[PDB]
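Peer 1:
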Amino acid sequence: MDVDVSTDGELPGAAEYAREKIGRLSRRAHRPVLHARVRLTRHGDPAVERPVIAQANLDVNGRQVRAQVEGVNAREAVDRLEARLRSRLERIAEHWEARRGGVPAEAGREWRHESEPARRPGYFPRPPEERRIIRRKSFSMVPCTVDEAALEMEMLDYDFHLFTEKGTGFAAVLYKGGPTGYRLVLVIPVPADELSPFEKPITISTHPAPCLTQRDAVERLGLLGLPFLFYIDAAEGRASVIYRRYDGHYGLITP
RNA sequence: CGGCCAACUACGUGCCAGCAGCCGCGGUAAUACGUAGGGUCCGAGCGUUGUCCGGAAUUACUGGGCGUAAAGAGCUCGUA
RNA sequence: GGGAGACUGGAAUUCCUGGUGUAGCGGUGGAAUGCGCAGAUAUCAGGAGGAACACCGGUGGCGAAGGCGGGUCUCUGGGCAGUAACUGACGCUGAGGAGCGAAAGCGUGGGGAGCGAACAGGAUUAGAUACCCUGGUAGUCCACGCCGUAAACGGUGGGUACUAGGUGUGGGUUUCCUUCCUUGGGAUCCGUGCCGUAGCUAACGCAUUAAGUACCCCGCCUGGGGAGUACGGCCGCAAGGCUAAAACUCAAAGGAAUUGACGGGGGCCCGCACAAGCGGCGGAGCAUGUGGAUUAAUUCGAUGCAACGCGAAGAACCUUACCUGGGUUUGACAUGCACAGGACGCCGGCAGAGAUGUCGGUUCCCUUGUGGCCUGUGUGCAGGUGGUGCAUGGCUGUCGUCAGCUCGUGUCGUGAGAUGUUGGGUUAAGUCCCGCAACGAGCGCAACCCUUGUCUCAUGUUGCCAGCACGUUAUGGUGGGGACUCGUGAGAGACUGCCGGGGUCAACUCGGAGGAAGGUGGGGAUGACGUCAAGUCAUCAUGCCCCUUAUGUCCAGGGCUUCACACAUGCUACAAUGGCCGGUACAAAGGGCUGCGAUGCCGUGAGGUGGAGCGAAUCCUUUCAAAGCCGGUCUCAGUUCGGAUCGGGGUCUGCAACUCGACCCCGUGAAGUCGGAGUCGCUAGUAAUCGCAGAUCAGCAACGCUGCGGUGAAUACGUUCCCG
RNA sequence: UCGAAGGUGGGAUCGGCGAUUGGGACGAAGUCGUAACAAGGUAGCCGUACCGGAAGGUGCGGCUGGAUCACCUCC
Numbered sequence: 001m002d003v004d005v006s007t008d009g010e011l012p013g014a015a016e017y018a019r020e021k022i023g024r025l026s027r028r029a030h031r032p033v034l035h036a037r038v039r040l041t042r043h044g045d046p047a048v049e050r051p052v053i054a055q056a057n058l059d060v061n062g063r064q065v066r067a068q069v070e071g072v073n074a075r076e077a078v079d080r081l082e083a084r085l086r087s088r089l090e091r092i093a094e095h096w097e098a099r100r101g102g103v104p105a106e107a108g109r110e111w112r113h114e115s116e117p118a119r120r121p122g123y124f125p126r127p128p129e130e131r132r133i134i135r136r137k138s139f140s141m142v143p144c145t146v147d148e149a150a151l152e153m154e155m156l157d158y159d160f161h162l163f164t165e166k167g168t169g170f171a172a173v174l175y176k177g178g179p180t181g182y183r184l185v186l187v188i189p190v191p192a193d194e195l196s197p198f199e200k201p202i203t204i205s206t207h208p209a210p211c212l213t214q215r216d217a218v219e220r221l222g223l224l225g226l227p228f229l230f231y232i233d234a235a236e237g238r239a240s241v242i243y244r245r246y247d248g249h250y251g252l253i254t255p
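Note that the authors' numbering has the first sequence beginning at 1, numbered continuously upward.
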């Protein structure tokens, strides 16, 4: 490390002492230092109790660390400047050991500015305690085609819709298939040829709607995280679509 | 003879010499250092030191307190 | 869930055994030690063992305190309510004393799954005897005993009586709604919380569970350290515990609360702050400034933002304040008290580097009292870029053109202080609206000013020329003309003015019409209280100190330009989006009298001669530019790039270009191949790039500064990170 | 016989010195580190135990005289 000292007036021996005292702080800086300068001045007025003024500037990897002290002589000023610079460099570290106690920790305990925001679902929580099923629509079970079902979707502003298919005579549910288009799920999977003709670009889910109970359906919805579950009820034997409502209850659509 | 505490100016000196009961005054322009004027309190006396009481409700009988300022035993039983 | 003893239940962790089964498992902010490939992890079945008891489960119960919940049984302590049968003050407290007393720790004997001091490696770090990771011994567990400490806290000793209430919750008795289901409600006794009177307190707060009002008993305190330490003593296997000083030293140590400041605290916002981009710096040569070194001197000031092309808008001499040497002293320059005068003053010669000295010619007008000049003699005195911007004024920077900073009265608090200035919304804004123990006001914001973008009226010279005539190429050049520009006077025009929608029908906000311009249109001038003892005793002034035959003053020469290096600001480049040559088109602004200076002529070119016309909308700076466009050539090379350095020859200014000017001509032809860590500027006529002009100025170090125009981009998803 | 003084002996108790050695108080500027105070960058403190150049670290139990927890949609 190389230091330049720009003294002023009569300060014999201050330059060497300041050089050798400040150059020892290179190991303290955790990043390479560049062009570290020091300046010594003396107050002309004898009325000042601490006439000597010392200033130091270091460029630690682009970060400017500067300090300034007053003293009665060159030696005291240089020593105080060294202590001040050491404290500043300690507060500057920014390496992991010095930035590990401020990084957000745990999952829910403690909150910080950069702590990860809580993931909130669209629905009101309404935990399993008194969740209940307080919405049961049975809008339409008149047979429809894919295009007619899509239009019945669109003006209802509902992502999924349960109807009964024209060609099959079976219950089916359409939903937005994402970027792939739309997706159709039937109680028993059938190919497109048996399905009534359509013009919208859709795809058919190959899996069949399984048979399961109400509590099992709620458990599957909870452990599978889908926006809804379409299934054949075990007791009823017919189609059913459960979705988490906008109040936290489950919306069971039945024929 | 800065304030407690009656009684201010000039010169000499400058973190020196020094003063001081406490707070604190000496860093070329000090009512706090030294000397001169001026002033005030006492007066055959005036100050300093040493000892005791008061102010000290600062051992609180008259006349104190214990959550956080010092102060409730770690908690019960029980002798005088 | 009060305590002790005995028996016993399940989930899960670990290990072992046996199947299926592969190449990873484990761990972190990221990894590595580690485990596994000899079959791990995963999955199933079986077995062994130890510890703790998910849900119930809480500010809910019990206990004097420590503390106490898997289930069942046995033994046992306490409490509450009702009846009030019974005894009849037998009550309260308690020095010493005895007993109980979390965890850790000690002794003997067992047990040991998980966790885990100590101890190993792994990782982070400048260093890690730590935080994080992989293992892991005591210990945690049981039996019998020791110790006797805790933030053993409600930091609140025990008993009693009284002093507004309101509302949760645990236990028990009873009256009335009455279904008599129901926390129905009431009454009452005993607990356990929250809010709140009076009252108390320094305040925070306590407030029928007192820290209120009083009585009885006990313990404890007398400033902070030294110190709960030493000595002595008691207890203990030991660790150590209990009792417990002094010397010396300090003028304080402390409790509560207020205003700031700060935070690797939170929330809401801003800014080229970041993000997306464009161009750079840091690498090279040169210009400039600074540090350091050097020197006789390298005059002085300025040191992050806010010093470092700054004071310096012009250092050869002068400037100049520094050095060497030579002179000078009421002085280089002022004004007053005096003595003598008619000269001071000039002009030539000589000596000297010059200052200066000397020589030669010239000599006052008033008016008799003297005045103007200087001489010397003097005497007050001048004169200091000598010191102190921590004694100052004045001037300036900066936070920051950010939105904030205060005051009057009122109110609250013992007081510092608080409210207003907070809260919701909105804005560029403490801008505004609605609320509100506040009601108002002031400096700040905005507006009033300049410029710019549109139009109308007025307006025609040196400015335009559209329609008319003369023109000679040379063109508004000339007569003429207000028509279009332009010049400069007045005025209009943006005011959420209008419409639609959000909005508390409020501020305000989104969109639309109109208009040249739509929402402070674009840019300026303007910088609140103050901060940083910021800068300036070198623009100036100035208190105090200092010099005064000198730190004043005159002159010559030199220095401020020195250079083994370091930092900063810029310019030119590294080339084909280019170099060179030829042709050719478009600006704005500004300057000019002892200055701009044209035509012509002479030089290759700086330039020389010469002087037309101009104090200038006229003449000159050329009629003005360069980038630009067209044509030719060069062909990816240290080159036809780059220009440094050096040799020779000249011009101009200046008394004088050696130290130390600029420019011109010929030759010479270095580094340099787009530049590490890092870092800067910029949101539109902007960045980038091109040229012109001005101040200072005899000449210039100007590539610097201040303005003017030409051509003119990319990007902004959005506030997580950096700075303020 | 008692009897002062004196002699002998083993102890008590109060002080002084003591080679070496422990800690304490203060000292602008020395050396090594950042422990605490803003969540002080690993919350702090109390009792106890072990370890470490040093502040200190860790294990068990306890206390708050520890900071923050944006947004939060149903109603």
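For each residue, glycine too, the CB sits at the ideal point set by N, CA and C.
With DSSP as the reference, label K200 as helix, strand or coil.
Peer 2: Three-state DSSP puts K200 in coil, outside helix and strand.
Peer 1: Could I get the ranges of all uninterrupted beta strand (DSSP E) runs contained in the stretch 121-158, with 3 residues as the minimum, in chain order?
Peer 2: Entirely contained in the stretch 121-158, not one beta strand (DSSP E) run reaches 3 residues.
Peer 1: Could you compute how far the alpha carbon of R238 sits from the alpha carbon of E116?
Peer 2: Straight-line Cα distance between these residues: approximately 43 Å.
Peer 1: Residues in the same chain with beta-carbon distance under 6 Å from residue 256, minus the five sequence neighbours each way, listed in chain order, please.
Peer 2: Since the first and last residues shown for the chain are 1 and 255, residue 256 lies out of range.
Peer 1: Please state if the CB of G167 and the CB of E194 are separated by a distance shorter than 8 Å.
Peer 2: Their beta carbons are under 8 Å apart, which means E194 touches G167 by this criterion.
Peer 1: Note down the Cα distance separating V78 from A47, rounded to an integer number of angstroms.
Peer 2: If I take the Cα positions, the gap works out to 21 Å.
Peer 1: Rounded to the nearest angstrom, how far is the Cβ of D8 from that of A36, given a contact under 8 Å?
Peer 2: At roughly 18 Å, the Cβ-Cβ gap does not stay under 8 Å, so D8 and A36 are not in contact.
Peer 1: For the beta strand (DSSP E) holding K176, just list the boundary residues, first then last.
Peer 2: First-last of the beta strand (DSSP E) with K176: 171-176.
Peer 1: Should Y231 and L252 be called a contact, given that it needs their Cβ atoms to be closer than 8 Å?
Peer 2: Taking 8 Å as the Cβ cut-off, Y231 and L252 do not qualify as a contacting pair.
Peer 1: Measure the alpha-carbon distance for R112 versus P104 and round it to whole angstroms.
Peer 2: Using only the alpha carbons, I get a separation of about 6 Å.
Peer 1: Is DSSP giving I92 helix, strand or coil here?
Peer 2: If DSSP states are grouped into helix, strand and coil, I92 belongs with the helices.
Peer 1: CA-CA distance, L223 and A192?
Peer 2: When rounded, the distance between both Cα atoms is 31 Å.
Peer 1: According to the neighbour-count rule (16 or more other Cβ atoms, all chains shown, within 10 Å of its Cβ), is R66 buried or exposed?
Peer 2: The residue in question, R66, is exposed, as its Cβ has fewer than 16 Cβ neighbours within 10 Å.
Peer 1: Assuming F198 contacts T145 under a Cβ cut-off of 8 Å, what Cβ separation, rounded to an integer in Å, is found between them?
Peer 2: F198 to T145, Cβ: 6 Å. Contact.
Peer 1: How about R50 and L11: do their beta carbons lie closer than 8 Å?
Peer 2: No, the Cβ-Cβ distance between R50 and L11 is not below 8 Å.
Peer 1: Could you round the C-beta distance between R135 and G248 to whole angstroms and report it? I think they count as a contact, below 8 Å.
Peer 2: So it is not a contact: roughly 11 Å between Cβ atoms.
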